[PDB]
């Protein structure tokens, strides 16, 4: 285990996302409040409910919007570890406090602590991967994803290609936000939301914009065929 995987408390300091989403860290990370009227937090035993203040604010804003549209409870998965860095177990992003997984269910009855520790995913996609399951696809999930994508701090939302396909069909005229939706493997039961580098995180590295347009055509069809010096310095000064 790396020091990043063992630390239990954020590094004190002005909030700073340092490096790139898949090679970085964060100083001064905020903690997502566990108690909220609008969302609940899955798998808190992992201690991955930390991130940039912008990420916490985003979760709070999105969840308030969802609640005010009369929808159910937003379910929050992995943000990042207290000082960011690479997880032990799975994906390599979520290193700079700007990535969050959100389950694509909005339960009308809040989940228990046991349900939150061992969450039961709902696959929204057909076995062959070609389309969403029509009896599971809900306008509320379209709205959850669209509300996230229209937020100015969001750059990308990774979802299964079948899910982007349905979003594409449902969007109508107000569809520019689809550009932020990026097809990826899996992501049948959760979306992965990514925010832009915070304005004052000078050592944070942004990605280029996605390809132009909604992305609902050729690109979608094709889917159906060492640390940054300032992070290393935290180790050299013995802070992780």
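Numbering follows the first chain given and starts at 1.
The stretch of deposited sequence separating residue 225 from residue 226 contains 10 or more residues lacking coordinates in this entry. Annotation for 61 to 69 versus 184 to 192: the higher mean temperature factor (C-alpha) is found in 61 to 69. Of the two stretches examined, 231 to 239 and 2 to 10, the record assigns the greater average C-alpha temperature factor to 231 to 239. Considering 146, 156, 91, 164 together, the PDB entry gives 91 the largest C-alpha B factor. Across 199, 27, 55, 42, the greatest Cα temperature factor reported in the deposited entry is at 199.
Ranked by C-alpha B-factor against the other modelled residues of its chain, residue 139 falls in the middle third. When the modelled residues of the chain are ordered by their C-alpha B factor, residue 178 lands in the lowest third. Looking at the C-alpha B-factors along this chain, the one for residue 75 belongs to the lowest third. Ranked by Cα temperature factor within the chain, residue 99 sits in the lowest third according to the deposited record. Residue 109: CA B factor in the highest third of modelled residues in this chain (values from the PDB entry).
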